[PDB]
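In the form solved without the partner chain, a lone chain appears below as structure tokens.
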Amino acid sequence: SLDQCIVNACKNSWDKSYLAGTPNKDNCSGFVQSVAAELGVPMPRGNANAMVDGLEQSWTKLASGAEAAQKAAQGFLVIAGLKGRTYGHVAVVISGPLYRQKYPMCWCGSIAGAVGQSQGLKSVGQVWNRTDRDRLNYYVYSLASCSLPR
């Protein structure tokens, strides 16, 4: 799989604070911003809800979590997102076998603490609850790859 630069960016972004005084581990949107910044990928800005709005507008929408995992394996930046009535959530999809043959692996920060956080060993199906899991949107930046040629 070709996601090593993405994973590296996730690892680096974990300890950064995109927003003053707010660790990215505790801020899903700031985490994703820092990942994109390291990768040089234009990323819609703002809170999780504003990010999903932006991604809907300007990124390529994928059909499934299966496809999300495939695109991440090809070295493309893939964001999983779902708007909330109050606050949304966003995560970076990484390569790896699908959880329950449906849900791709991810990294994400969360204000919720450990229950909403992933350092790559949780799938989106173990961060979002049983109902939200099957309603997630997956967006890919199809314009340029986030991998260096083999």
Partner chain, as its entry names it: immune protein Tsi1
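Numbering follows the first chain given and starts at 1. Between two forms, the rigid core is defined as the largest C-alpha subset superposing within 1.5 Å. Shifts are known only where both forms have a C-alpha.
The same protein has a further form, the form solved in complex with the partner chain, not shown here; the description that follows concerns it.
- Contact here is defined as any heavy atom lying within 4.5 Å of the partner chain in the deposited complex, and by that definition not a single one of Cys5, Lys71 and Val93 is a contact residue.
- Proximity of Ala9 to the partner chain in the deposited complex: non-hydrogen atoms within 4.5 Å are absent; the residue sits far from the partner.
- The partner chain is not drawn, but in the deposited complex it has no heavy atom within 4.5 Å of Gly40.
- Under a 4.5 angstroms non-hydrogen atom cutoff, the partner chain in the deposited complex has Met105 among its neighbouring residues.
- In the deposited complex, the partner chain sits beyond 4.5 Å of every heavy atom of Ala66.
- Taking a Cα shift of 2 Å or more after superposition on the rigid core as the cut-off, the single stretch of three or more consecutive residues that moves between the shown form and the other one is 143-147.
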